[PDB]
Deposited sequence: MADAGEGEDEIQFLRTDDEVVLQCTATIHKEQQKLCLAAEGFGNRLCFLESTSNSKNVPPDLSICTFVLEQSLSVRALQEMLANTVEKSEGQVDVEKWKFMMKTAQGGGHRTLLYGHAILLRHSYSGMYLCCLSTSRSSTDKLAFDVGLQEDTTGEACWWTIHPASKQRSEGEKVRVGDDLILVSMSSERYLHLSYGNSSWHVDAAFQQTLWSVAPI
């Protein structure tokens, strides 16, 4: 099966510390604090706030042409920029300006690069233009900041940010 625009998906990462491995899913609440956070699975405790829709998939050239022009169920392909709408809130996953790693959260406005993420394979091949398959692990890079959607450990919990190092995400329909 291939990932496609309009698919409802969850984004999961694998977190290991002190030899305890677990799978975590990206989540956000509809209101209040806009920042995303991560839930442990095993099914997360609250699946309705982890669901995103792949709303658009455009080539980087197309997207940058679109945006430049404002200044005065398609298969996802590697290298394309995607827009991910959080189902529960209707807002979009976004690299924020606030804090070496930036915060990742939700916003309403998609006219700008902060809500766009380019998809890249996990391997040493760029595989540019190849179809993304369910089962592939992906690297997601912010079009605004060029940082990676990234798993971080704090003092006691796992967090998600946009950082200078990569994380592999599993994106599957659910």
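Going by the record, the unmodelled stretches of the deposited sequence, in order, are 1 to 11, 54 to 57, 88 to 109, 137 to 142.
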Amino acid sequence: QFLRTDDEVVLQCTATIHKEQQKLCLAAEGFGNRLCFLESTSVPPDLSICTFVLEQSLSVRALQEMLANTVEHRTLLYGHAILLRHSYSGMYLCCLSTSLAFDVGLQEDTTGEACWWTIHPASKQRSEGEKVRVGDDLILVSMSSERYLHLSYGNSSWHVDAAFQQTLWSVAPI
From here on, numbers count along this sequence of modelled residues.
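Looking at 14 to 22 and 146 to 154 together, the entry lists the larger mean B-factor for 14 to 22, computed on C-alpha atoms. In this entry, the higher average B-factor at the C-alpha atoms falls on 44 to 52, of the pair 109 to 117 and 44 to 52.
Per-chain ranking of the deposited C-alpha B factor places residue 136 in the middle third. When the modelled residues of the chain are ordered by C-alpha B-factor, residue 1 sits in the highest third. In the PDB entry, a CA B factor belonging to the lowest third of its chain's modelled residues is recorded for residue 168.
Sorting the modelled residues of the chain by their CA temperature factor places residue 91 in the lowest third. Residue 27: CA B factor in the lowest third of modelled residues in this chain (values from the PDB entry).
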